[PDB]
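A.B. asks: So that we are looking at the same thing, I have put the structure below in structure tokens.
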Amino acid sequence: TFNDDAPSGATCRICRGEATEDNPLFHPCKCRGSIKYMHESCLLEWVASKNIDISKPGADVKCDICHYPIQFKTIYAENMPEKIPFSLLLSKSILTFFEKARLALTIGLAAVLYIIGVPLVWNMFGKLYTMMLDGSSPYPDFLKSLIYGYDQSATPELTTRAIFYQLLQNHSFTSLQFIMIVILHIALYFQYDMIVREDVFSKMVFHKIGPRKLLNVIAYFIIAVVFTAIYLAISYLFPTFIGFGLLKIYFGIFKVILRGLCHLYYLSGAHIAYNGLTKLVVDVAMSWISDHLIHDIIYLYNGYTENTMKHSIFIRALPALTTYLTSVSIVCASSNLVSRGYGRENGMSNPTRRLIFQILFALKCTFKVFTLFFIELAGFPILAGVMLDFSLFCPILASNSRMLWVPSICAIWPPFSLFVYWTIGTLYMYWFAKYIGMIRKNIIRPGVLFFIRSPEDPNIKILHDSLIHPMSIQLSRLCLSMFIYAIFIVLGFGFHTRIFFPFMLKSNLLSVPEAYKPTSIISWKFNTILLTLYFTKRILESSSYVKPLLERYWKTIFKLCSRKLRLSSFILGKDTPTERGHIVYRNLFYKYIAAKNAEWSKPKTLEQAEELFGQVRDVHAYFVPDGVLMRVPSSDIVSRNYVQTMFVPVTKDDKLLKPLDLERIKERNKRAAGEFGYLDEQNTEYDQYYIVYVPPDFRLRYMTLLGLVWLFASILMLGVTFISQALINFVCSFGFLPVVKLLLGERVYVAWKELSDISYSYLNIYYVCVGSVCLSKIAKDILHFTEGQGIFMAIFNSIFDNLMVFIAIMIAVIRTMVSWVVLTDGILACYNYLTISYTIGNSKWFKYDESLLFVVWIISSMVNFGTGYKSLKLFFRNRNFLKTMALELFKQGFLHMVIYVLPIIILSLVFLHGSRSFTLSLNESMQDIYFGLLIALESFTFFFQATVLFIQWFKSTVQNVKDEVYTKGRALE
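In case it helps, the UniProt record's numbering puts the sequence shown at residues 28 to 167, 169 to 240, 468 to 536, 539 to 858, 865 to 1010, 1013 to 1051, 1092 to 1106, 1113 to 1147, 1154 to 1196, 1202 to 1234, 1247 to 1259, 1266 to 1313.
Laid out in structure tokens, this is it:
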């Protein structure tokens, strides 16, 4: 019935109705009050509105408010187990097995068919279309022309192994091509949508124009094949056919223009240059490498015009590239040409032309913005990485004679060299940005760095500003930035690691020894160095008594440099009058030798100073400012249209020394702004001006400062590295080595003795890192005066809060490896029993040594897939907390590993592949007990499996007879 506990006036949470005799109020949650009360009918309706079939076994309904699981009781019909003892259970089991088999077959067929056939049909159509284009076949047997095709450096072979080992490369090739195509299309569409959604595009176009089942799976493959065929045909036969003629025209035009202009210029005014270069020094050296390089261009040209340079991606891709580039250029030019003729005073009244113009303009803007955003994000980091490689990583890790190092280590897959360069470049940018940010707000006054972008920048629209300005200005800015970075990286690192130590100082102190030079990306000498550097960076980041020391050092050296380079006020803010004005002594020889005496020997003028020096030979010094005050910005985020009116000389009374024109400034602003110059609004809020002092010849004193900064940074880095290595070498050699010599004999000791004997003249990364952390502790103590072991993992746990996938994959593979070996070992047991070799010999004819292994491998792979799916589901469900999750993973892994390895351990104990393989191989040869133990254990395992199957059948029968009992009578909780 219904408990009287329903208070008079309680209502259902869902419908707000009271309890009725036909529909009572339940409390299925941990909630209290009216919210706790619900009708069963309304609760079932809510579950149905969530698409949750309560009828299914294992549907976990939960409260939306309190997240507590709701429980469902079940009534029972007259039927009982007596009604369903065997035939019903057998029928239910058969139906469940048939349904599972059908579903598994469907999903397997669909997945295999798609993932295998579609890329292979893509590649087959590509090969067929290339063959049709060429007009001939590499192997004039059709079949062998479809597996290898144009693959050079691969001897054909019709064996099954030589076909399976080749058909994987084709699949990888097609998969990579599809991935790149899809990524490019997605990026282009997203960029176009973002451009169109902007609020300035409408104004721009207004300015330009002016005012007015198995069958389903089978059928879903033929459509994909037809679409692949059509898309391949269009996009790989039209562009190439047009590009052949396009390259013909381009080559003819280039040849004509070259042969005319170059020869006319050479014949006219190059005789004097030839006569000078005949004996100037150079001509032989220049022409030798010139013809060597010019041979490559001639070699490549011959390869395209004569079909010999096949099997190369470039030579096959060139016509499509030229066709696409010509199409893009034609689209942009057509947009510009159609735009002409009409303006804001005479609009376009033809609806047909408006759509064409809008689409062309949108495509033009999309291409421009995509190129601009691709350069800064992918092209500059890769170039910076290449430069940093060639400047720093080759002279140290590799030999000095070679140029580049990264292409050598990643010889397994050369294209992977494109990711390492990007990582190096982006890390360099990140650290340089951090260093600049440190200097910005601590030492130098705000206003000396406005050309560099500012991170805060409240009025900074990254996209809206990229449309208004023309392409040339942004390209020039990017080129200048890249050139400056090139100067920095190349000059600094190259001069320090290529010309100073190996040539001028004659030392290998920046050369890793031969025995520990990395040579590959999947070795130990590289992974150990990488992990040591990463963990040392992690330990050095969480110290908190290293950054104030760095800041103090930088401030001290900046004060020292700017007090002497006369830039006391322009770069810092503080100043003394004595910085303004250089004096002259009695004589140049006296000044050079006795500058202090002359100084030891009242403003004036140059003529007055000369007269005083010539008359009275007592004052060997004078004073003349010879400096001008100027006006500079007061913030790093000033408006771009305002910087033009700054940097003008100003007198002491805030009055300009000379008048400043405005017509020229306005003309320059109009010319630089472009056609859409009036669409830009400038945030003229942070707009102030300071009064500073700039010394005469203000173009070399702010380059000497950069030189000194480089020198001092290099001094700091070299000193830290050498001191760390020397300290660790001292500690290790005069510590542990005598102890090991005393305990263990003179025979680990050998390696440690050699590694600590060459380190006196070579570089060691590990010693440098250990010395770095020890010096971090020592410098923290120094800073305190003038994190031992626990904080390390304390921060590491928060950092790690990678392991979810690696732990599950290793556990599943380990169980699979044990299962695969056990199945392989168990398979050989039957052959030995059969020999005790008539049946074994008869079976050996049909490759009995590999069929069983293949079957065992397939079974182990299926088991591993199932276990990995279950582990991934469990991890996703269970997404202090880490310890509980780790314990669950450990318990599951340990239980599976222990059970799988227990039969092997028992077999190993009985023996004391393996014993089964030895018995199989002992055709020409105690063991009875071992043979009996293997058989009896296998029989016991089979009996256990049969018992488990019987228990599962009983459980299925119970579910069949109990679920009908539940279905007949409705009930809720």
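Heads up, the beta-carbon is just placed ideally off N, CA and C, and yes, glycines get one too.
In the DSSP assignment, find the beta strand (DSSP E) that holds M893 and state where it starts and stops.
C.D. replies: Mapped onto the sequence shown, residue 893 falls at position 630. Here the beta strand (DSSP E) through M893 covers 891-896.
A.B. asks: For the beta strand (DSSP E) containing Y802, name the first residue and the last one.
C.D. replies: For this step, residue 802 is matched to residue 545 along the sequence shown. Neither: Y802 is in no beta strand (DSSP E) and is coded neither H nor E.
A.B. asks: Roughly how many angstroms separate the alpha carbons of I1176 and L1139, rounded to a whole number?
C.D. replies: On the sequence shown, position 859 is the one that residue 1176 refers to. On the sequence shown, position 828 is the one that residue 1139 refers to. Approximately 16 Å, taken between the alpha carbons.
A.B. asks: Which partner residues of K89 appear in the DSSP bridge assignment?
C.D. replies: For the purposes of this step, residue 89 is taken as residue 62 along the sequence shown, with counting starting at 1. Bridge partners of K89: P96.
A.B. asks: Go ahead and pull the three-state DSSP assignment for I102.
C.D. replies: Taking the sequence shown and counting its residues from 1, the one referred to as residue 102 is at position 75. In this structure, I102 counts as strand in the three-state DSSP scheme.
A.B. asks: Out of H1049, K1190, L1204, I725, point me to the one whose CA is closest to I1120's CA.
C.D. replies: In the sequence shown, counting from the first residue as 1, residue 1120 sits at position 809. It is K1190 whose Cα lies nearest to the Cα of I1120.
A.B. asks: Which residue from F752, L1231, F1117 puts its Cα closest to that of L762?
C.D. replies: One-based indexing of the sequence shown puts residue 762 at position 505. Of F752, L1231, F1117, the residue nearest in Cα terms is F752.
A.B. asks: Between which two residues does the beta strand (DSSP E) holding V955 run?
C.D. replies: By one-based count along the sequence shown, residue 955 stands at place 692. Element bounds for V955: 952-957.
A.B. asks: Please go through the same chain and pick out, in chain order, the residues whose beta-carbon is closer than 7 Å to the beta-carbon of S723, but skip the five residues on each side of it.
C.D. replies: Taking the first residue of the sequence shown as position 1, residue 723 is located at position 466. In the same chain as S723, and ignoring 5 residues on each side of it, the C-beta atoms closer than 7 Å to its own belong to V626, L629, in chain order.
A.B. asks: Are the region 931-945 and the region 739-747 touching, with three or more C-beta to C-beta distances below 8 Å?
C.D. replies: no
A.B. asks: How about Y956 and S826: do their beta carbons lie closer than 8 Å?
C.D. replies: For the purposes of this step, residue 956 is identified with residue 693 of the sequence shown, where counting begins at 1. For the purposes of this step, residue 826 is identified with residue 569 of the sequence shown, where counting begins at 1. The Cβ atoms of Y956 and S826 lie closer than 8 Å to each other.
A.B. asks: Return the bridge partner residues of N593 from the DSSP annotation.
C.D. replies: For the purposes of this step, residue 593 is identified with residue 336 of the sequence shown, where counting begins at 1. Under DSSP, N593 takes part in no beta bridge, so it has no partner.
A.B. asks: Nearest-angstrom Cα distance between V1013 and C995?
C.D. replies: On the sequence shown, position 748 is the one that residue 1013 refers to. On the sequence shown, position 732 is the one that residue 995 refers to. Straight-line Cα distance between these residues: approximately 14 Å.
A.B. asks: Quick one: is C651 buried, meaning 16 or more other Cβ sit within 10 Å of its Cβ, or exposed?
C.D. replies: As a position in the sequence shown, residue 651 is number 394, starting the count at 1. So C651 counts as buried.
A.B. asks: Which residues in the same chain as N1102 place their Cβ atom closer than 8 Å to its Cβ, once the five residues preceding and following it in sequence are excluded?
C.D. replies: Position 797 of the sequence shown, counted from the first residue, corresponds to residue 1102. The answer, listed in chain order, is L1204.
A.B. asks: Hey, how far is the Cα of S592 from the Cα of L617?
C.D. replies: Looking up residue 592 in the sequence shown gives position 335. Looking up residue 617 in the sequence shown gives position 360. Spanning the two alpha carbons is a distance of roughly 5 Å.
A.B. asks: How would you call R240, buried or exposed, if buried means at least 16 neighbouring beta carbons within 10 angstroms?
C.D. replies: Locating residue 240 in the sequence shown gives position 212, counting from the first residue. By the neighbour-count rule (16 or more Cβ atoms within 10 Å), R240 is not buried but exposed.
A.B. asks: For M65, which residues does DSSP report across the bridge?
C.D. replies: Taking the sequence shown and counting its residues from 1, the one referred to as residue 65 is at position 38. BP columns for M65 point to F53.
A.B. asks: Would you call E48 buried or exposed, if buried means 16 or more other Cβ atoms sit within 10 Å of its Cβ?
C.D. replies: By 1-based counting over the sequence shown, the position of residue 48 is 21. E48 should be labelled exposed.
A.B. asks: Quick check on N603: does DSSP put it in helix, strand or coil?
C.D. replies: For the purposes of this step, residue 603 is identified with residue 346 of the sequence shown, where counting begins at 1. Correct three-state label for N603: strand.
A.B. asks: How far does the alpha helix (DSSP H) with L845 in it reach, from first residue to last?
C.D. replies: In the sequence shown, the residue the question calls residue 845 occupies position 588. Looking at the DSSP string, the run of the alpha helix (DSSP H) that includes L845 is 845-850.
A.B. asks: What did DSSP end up calling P703 once you bin it into helix, strand or coil?
C.D. replies: Start at 1 with the first residue of the sequence shown, and residue 703 comes out as number 446. Of the three classes helix, strand and coil, the one that applies to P703 here is coil, per DSSP.
A.B. asks: In whole angstroms, what is the alpha-carbon distance linking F1216 and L1224?
C.D. replies: The residue you call residue 1216 lines up with position 894 of the sequence shown. The residue you call residue 1224 lines up with position 902 of the sequence shown. Cα-Cα distance, rounded: 12 Å.
A.B. asks: Just the C-alpha distance for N1181 and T1253, rounded to the nearest angstrom, thanks.
C.D. replies: In the sequence shown, residue 1181 corresponds to position 864, counting from 1. In the sequence shown, residue 1253 corresponds to position 919, counting from 1. Cα to Cα, the separation comes out at about 29 Å.
A.B. asks: With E1278 as the anchor, note down where its alpha helix (DSSP H) starts and where it stops.
C.D. replies: Taking the sequence shown and counting its residues from 1, the one referred to as residue 1278 is at position 938. Boundaries of the alpha helix (DSSP H) harbouring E1278: 1267-1308, taken from the DSSP string.
A.B. asks: Which same chain residues end up closer than 6 Å to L971 when comparing Cβ atoms and leaving out the 5 residues on each side of it in sequence?
C.D. replies: Here residue 971 refers to the residue found at position 708 when the sequence shown is read from its first residue. Counting only Cβ-Cβ distances below 6 Å, and skipping sequence neighbours, we find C818.
A.B. asks: Can you tell me the Cα-Cα spacing of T967 and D960, whole angstroms?
C.D. replies: In the sequence shown, the residue the question calls residue 967 occupies position 704. In the sequence shown, the residue the question calls residue 960 occupies position 697. Cα to Cα, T967 sits roughly 12 Å from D960.
A.B. asks: Tell me which same chain residues have a C-beta within less than 7 Å of the C-beta of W1174, skipping the five on either side of it?
C.D. replies: Position 857 of the sequence shown, counted from the first residue, corresponds to residue 1174. Excluding residues within five positions, the ones whose Cβ falls inside 7 Å are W1131.
A.B. asks: Does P912 come out as helix, strand or coil in the three-state DSSP assignment?
C.D. replies: Walking along the sequence shown from the start, residue 912 turns up at place 649. It is a strand residue.
A.B. asks: Can you give the Cα-Cα distance for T101 and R1194, rounded to whole angstroms?
C.D. replies: Here residue 101 is taken as the residue at index 74 of the sequence shown, counted from 1. Here residue 1194 is taken as the residue at index 877 of the sequence shown, counted from 1. Taking the straight line joining both Cα atoms gives about 28 Å.
A.B. asks: Pop quiz: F482 and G144 are said to be a contact at Cβ under 8 Å. What is the actual Cβ separation, rounded to whole angstroms?
C.D. replies: In the sequence shown, residue 482 corresponds to position 227, counting from 1. In the sequence shown, residue 144 corresponds to position 117, counting from 1. At roughly 13 Å, the Cβ-Cβ gap does not stay under 8 Å, so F482 and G144 are not in contact.
A.B. asks: Could you check the C-alpha separation between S1259 and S1251 for me, to the nearest Å?
C.D. replies: As a first step, residue 1259 is located in the sequence shown; it is residue number 925 there, counting from the start. As a first step, residue 1251 is located in the sequence shown; it is residue number 917 there, counting from the start. Each residue's alpha carbon lies about 13 Å from the other.
A.B. asks: The alpha helix (DSSP H) with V901 in it runs from where to where?
C.D. replies: Here residue 901 refers to the residue found at position 638 when the sequence shown is read from its first residue. Element bounds for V901: n/a, residue is neither H nor E.
A.B. asks: Taking the continuous alpha helix (DSSP H) assigned at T202, which residues delimit it?
C.D. replies: Counting from one through the sequence shown, the residue named residue 202 turns up at place 174. It spans 188-225 - the alpha helix (DSSP H) in which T202 sits, taken as one unbroken run.
A.B. asks: Measure the beta-carbon distance from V588 to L620 and round it to whole angstroms, keeping in mind my assumption that it falls under 8 Å.
C.D. replies: On the sequence shown, position 331 is the one that residue 588 refers to. On the sequence shown, position 363 is the one that residue 620 refers to. Their Cβ separation, rounded to whole angstroms, is 6 Å, which keeps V588 and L620 in contact under 8 Å.
A.B. asks: Check whether the region 1285-1305 and the region 109-129 are in contact - that is, three or more C-beta pairs closer than 8 Å.
C.D. replies: yes
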